[PDB]
Structure formats: structure tokens, C-alpha cells
């Protein structure tokens, strides 16, 4: 998978399961077009978001529906969602993992980009 998303829960100390993940790509007219989506599994990942042929250079947005996740756990959250906006750049072979660590009033995100 050229693009992987991993969601972790800082309160329970576990992968964040059943979280909706939406991916968008910026079109030529500067609007967000739905690209891929899924629900995280027991591993905190929504497996199989895209393919190497589809995941071309461009500007992408990964939206994680954190509010629904915290509401399901009964914890009052601050954010409506967590969004990660980045440019995908070909510079030799690349694999992107967008990882997010969630708390009710905070989130962290990092990118792990490997050859």
C-alpha cells in the first residue's frame, strides 16, 4: 500500500478501532475531491486505501473522524476531526504512513516516508 494510515488512542493505550478515515485529493480547480475512505481495523489501520497507479503526485488531505470516536467512548472531545494535508512527491520509490495519536483535547501526527 503506497498510503497507509495508523490511528492510536493515547487514553486507552491501544489502536483506535472503528474510526472513519477519509482521503481527498486537490483537483485542478482547487476543490477537495473524495479519493478513498475506510474504517480502522483492530490494528488501527483502514487497510487498502489506494494503489501505486492511482496515488500520483498532488496535494492530499487525510481526515480522521475523531469526534465520533470520542463520543462513542463517552469522552467530550475538542476537535471536530483531525486533518493532515500534505504534498505527495515522487523522488525515487516512496511509501507513506500517516500516523495519528489521539487524545480528547489533543492530537499528534507524523509521517513515516520509506523507500
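Positions refer to the first chain, counted from 1.
J.: So which stretch wins on mean C-alpha B-factor, 85-93 or 71-79?
T.: The recorded data point to 85-93.
J.: Pick between 102-110 and 13-21: the one whose mean CA B-factor in the entry is higher.
T.: It is 13-21 that shows the higher mean C-alpha B-factor.
J.: Which of these, 57, 63, 54, 45, has its C-alpha atom at the highest B-factor, as the entry lists it?
T.: The record points to 54.
J.: Can you tell me which third, lowest, middle or highest, the CA B-factor of residue 1 falls into for its chain?
T.: Residue 1: CA B-factor falls in the highest third of its chain.
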